[PDB]
Every structure is written in structure tokens, then in C-alpha cells.
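Side-chain atoms are counted along with the backbone in the values below, which use heavy atoms only and exclude waters and symmetry mates. Position 1 is the first residue of the sequence; numbering continues from there.
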Amino acid sequence: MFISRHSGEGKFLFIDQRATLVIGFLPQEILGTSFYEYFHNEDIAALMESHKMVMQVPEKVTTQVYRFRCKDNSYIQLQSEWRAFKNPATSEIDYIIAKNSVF
């Protein structure tokens, strides 16, 4: 329900027009920060493994439903669909596309 794009390490590079109303953060507040900054304590470990698998496989990877910390430091429940694209000349990830569903 909002799209973001991340670096190979998870740093926010882009959020769409629909994100701020959901998570409360202005783009200048969240761009440049890692998505490990916002994951709930109980979800970060499973999300790291999802992140690892995305960086390995050519395929889409869907996360579990997890809690994402909003600007007011409360949490909303997201489920993200992640896919990484690697520069064929350098093998490094150009970006990770993220479809972030909201509940």
C-alpha cells in the first residue's frame, strides 16, 4: 500500500507519495536510514533472514507480518514484498524494491 526502495544493506532510498500518512515520517526523516532502525525487537531477527535471502536469490521474498515503528514511536503492522536487482557488470545490488502492505 506504499512502495519504498532500499540499498543492498536496507538503507531507505525512496518512499512513495503514500508512505508518510502511514508511518508518519517525512521523506527527509527516513531516507538515508536503515530499515533495521524501525523493526520491532521481536521481528528484526526474522526480517534479517528475509533480507539475507533477498540478497541471495533472483526471486521475490515476502516477509512475515511485522511491526514497524512509526514517528510517534507506536507500531503498525506491515508485510513487505522485497526483490533485489544486481548490476550485471559489478554484481552489486542497485536497489531493493519494496511493496509494503499495511494492516
Side-chain angles (χ1 to χ4, degrees):
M1 293 177 182
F2 80 86
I3 288 172
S4 61
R5 315 218 308 191
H6 303 261
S7 68
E9 298 301 329
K11 186 200 306 186
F12 273 91
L13 302 174
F14 164 92
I15 59 173
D16 65 9
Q17 64 180 20
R18 305 173 278 173
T20 293
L21 177 63
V22 178
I23 59 181
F25 294 105
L26 310 170
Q28 59 264 28
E29 297 172 331
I30 190 161
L31 293 193
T33 61
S34 171
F35 54 23
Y36 289 120
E37 173 158 338
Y38 308 89
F39 298 147
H40 195 278
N41 285 329
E42 295 302 320
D43 293 309
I44 181 155
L47 285 157
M48 184 180 62
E49 310 275 8
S50 294
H51 177 202
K52 293 184 175 71
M53 183 66 75
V54 152
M55 292 177 72
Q56 309 175 53
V57 305
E59 293 177 350
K60 183 190 183 69
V61 173
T62 306
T63 69
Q64 70 188 22
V65 177
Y66 64 92
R67 272 168 175 82
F68 187 98
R69 182 184 52 82
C70 293
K71 183 178 179 180
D72 59 9
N73 287 325
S74 63
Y75 291 86
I76 56 173
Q77 284 186 127
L78 299 186
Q79 187 171 42
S80 297
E81 290 166 16
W82 284 341
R83 181 177 181 170
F85 311 105
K86 292 178 178 179
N87 186 340
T90 66
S91 83
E92 295 302 320
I93 294 158
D94 289 345
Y95 58 97
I96 298 173
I97 186 63
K99 170 182 182 226
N100 305 288
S101 294
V102 187
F103 307 92

Identify the two heavy atoms, one from [X] and one from [Y], that lie closest to each other, and give their separation to 0.1 Å.
{"X": "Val61", "Y": "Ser50", "result": "CG1-O, 4.2 Å"}
{"X": "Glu9", "Y": "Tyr36", "result": "O-CE1, 4.1 Å"}
{"X": "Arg5", "Y": "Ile97", "result": "CD-CD1, 3.6 Å"}

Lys/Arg-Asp/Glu bridge criterion (N-O < 4.0 Å) met for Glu29, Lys71: yes
Take atom [atom1] in [X]; do more than 12 heavy atoms of anything else shown fall under 6.0 Å from it?
{"X": "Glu42", "atom1": "CD", "result": "no"}
{"X": "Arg69", "atom1": "CZ", "result": "yes"}
{"X": "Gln56", "atom1": "CD", "result": "yes"}
{"X": "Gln64", "atom1": "CD", "result": "yes"}

When clusters are formed by joining ILVMFWY residues with side-chain heavy atoms under 4.5 Å apart, either directly or through shared neighbours, do [X] and [Y] land in the same one?
{"X": "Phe25", "Y": "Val102", "value": "yes"}
{"X": "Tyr95", "Y": "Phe2", "value": "no"}
{"X": "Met48", "Y": "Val57", "value": "yes"}

Going from [atom1] on [X] to [atom2] on [Y], what distance comes out if it is rounded to the nearest 0.5 angstrom?
{"X": "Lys99", "Y": "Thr62", "atom1": "NZ", "atom2": "OG1", "result": "8.5 Å"}
{"X": "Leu47", "Y": "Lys52", "atom1": "CG", "atom2": "NZ", "result": "10.5 Å"}
{"X": "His40", "Y": "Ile76", "atom1": "NE2", "atom2": "CD1", "result": "12.5 Å"}
{"X": "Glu49", "Y": "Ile44", "atom1": "CD", "atom2": "CD1", "result": "11.5 Å"}
{"X": "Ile23", "Y": "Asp72", "atom1": "CD1", "atom2": "CG", "result": "11.5 Å"}
{"X": "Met1", "Y": "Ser101", "atom1": "CE", "atom2": "OG", "result": "6.0 Å"}

Quick one, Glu81 with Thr63, criterion side-chain contact (heavy atoms from CB on, under 4.5 Å). Give me CA distance, side-chain angles, the key distance, then yes/no. CA-CA 6 Å; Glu81 290 166 16; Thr63 69; over 6 Å; no
Between [X] (side chain only) and [Y] (backbone N and O only), is there a donor and an acceptor less than 3.5 Å apart?
{"X": "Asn100", "Y": "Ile3", "result": "no"}
{"X": "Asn87", "Y": "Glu92", "result": "no"}
{"X": "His51", "Y": "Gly8", "result": "yes"}

Residues sharing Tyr75's hydrophobic cluster, by side-chain heavy-atom contacts under 4.5 Å among ILVMFWY, directly or via others? none
Of all residues at least two apart in sequence or in a different chain, which pass the ring pair (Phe, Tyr, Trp, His ring centres under 6.0 Å) check with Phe68? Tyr38
Once ring pair (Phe, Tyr, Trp, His ring centres under 6.0 Å) is applied, do any residues pair with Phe14, and if so which ones, sequence neighbours excluded? none
Take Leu78 and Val65 through the side-chain contact (heavy atoms from CB on, under 4.5 Å) test and state the conclusion after the steps. CA-CA 6 Å; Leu78 299 186; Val65 177; over 6 Å; no
May I have the step-by-step check of side chain to side chain donor-acceptor pair (under 3.5 Å) for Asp16 and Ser4, ending in yes or no? CA-CA 6 Å; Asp16 65 9; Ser4 61; over 6 Å; no
Step by step, would you call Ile93 with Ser7 a side-chain contact (heavy atoms from CB on, under 4.5 Å)? CA-CA 7 Å; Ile93 294 158; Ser7 68; over 6 Å; no
Matching residue for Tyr66 among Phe39, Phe103, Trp82 - test: ring-ring contact (aromatic ring centres under 6.0 Å, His included): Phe39
